[PDB]
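Chemist: Here is the sequence, then the experimental structure:
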Amino acid sequence: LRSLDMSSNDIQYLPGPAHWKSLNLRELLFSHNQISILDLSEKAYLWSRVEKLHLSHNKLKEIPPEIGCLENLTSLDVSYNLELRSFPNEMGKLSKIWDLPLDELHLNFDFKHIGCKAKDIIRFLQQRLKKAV
C-alpha cells in the first residue's frame with residue numbers, strides 16, 4: 001500500500017507503524033480528522049520510506065520524539081493544531097524535509113527570528129541537538 005488518503009473523515013486513532021502490514025508506505029494523508037496522539041513508539045523504522053505525512057486540522061498534542069526516525073520525510077503538515085505547542089529537538093534529523101507549513105500554529109518555541117523557511121527550522125533543531133543552553 002504505497003499511498004493512502006482518508007482526509008475529512010472522523011478518524012479517532014491511527015495505529016502505529018507496527019499494525020500496518022505494508023512496507024512501501026510512501027504517502028499518508030489524514031488531514032481534518034479527530035486525531036489526538038500520533039503513535040510512533042514501537043518499530044517506527046517501518047515507516048522509514050514515508051515521503052508525505054499530513055496531519056493538519058487535528059487535535060494533535062505533541063509530535064513524538066521518535067519522529068526523527070522517519071528519515072525520508074519530504075513534507076510534514078501539522079498545521080492548524082492549536083493544542084500543539086513546540087517541536088521536539090529530534091525532528092532536526094529529517095534533513096530531506098522541504099515543506100513544513102506553520103499556519104495558525106501558536107508555537108511556544110520561538111522561530112519568529114528564523115521565519116518560515118522549513119530548511120532553516122530543521123537546521124536550527126539540528127544545532128539544538130548538539131547542545132542547548
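Modeler: All right, it came through fine. Numbering: from 1, shown residues only.
Chemist: switch to C-alpha atoms for all contacts and neighbour counts from now on
Modeler: Noted.
Chemist: Could you pull out the helices in this protein for me?
Modeler: Remark: helices assigned in the chain by DSSP state H are 118-130.
Chemist: ranges for the strands of it?
Modeler: For the chain, applying DSSP state E gives strands covering 3-5, 27-29, 53-54, 76-77.
Chemist: could those be laid out in TSV, adding mean neighbour count?
Modeler: Shown next, in TSV, are the strands of the chain (neighbours: other CA atoms under 10 Å):
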stretch	mean neighbour count
strand 3-5	12
strand 27-29	18
strand 53-54	18
strand 76-77	19
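Chemist: any chance of these in JSON lines, plus distance to residue 20?
Modeler: Below are the strands of the chain laid out as JSON lines (distance: least, CA to CA, whole Å):
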{"stretch": "strand 3-5", "distance to residue 20": "12"}
{"stretch": "strand 27-29", "distance to residue 20": "12"}
{"stretch": "strand 53-54", "distance to residue 20": "15"}
{"stretch": "strand 76-77", "distance to residue 20": "20"}
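Chemist: Which of these sits closest to residue 126?
Modeler: strand 76-77 (16.6 Å; CA to CA).
Chemist: quick one: residue 61 and residue 126, what's the gap?
Modeler: 22 Å (CA to CA, to the nearest Å).
Chemist: contacting residues around residue 67?
Modeler: Contacts for residue 67 (CA atoms under 8 Å, 6 or more residues apart in numbering) come out as 40, 44, 90, 91.
Chemist: top of those by neighbour count?
Modeler: Counting neighbours by other CA atoms under 10 Å, residue 91 leads those with 23 neighbours.
Chemist: Tell me who's in contact with that one.
Modeler: 65, 67, 68, 122, 125, 126.
Chemist: centroid residue for the protein?
Modeler: In the chain, the C-alpha nearest the mean C-alpha coordinate belongs to residue 76, at 4.9 Å (CA atoms, centre = their mean).
Chemist: Appreciated, that's everything.
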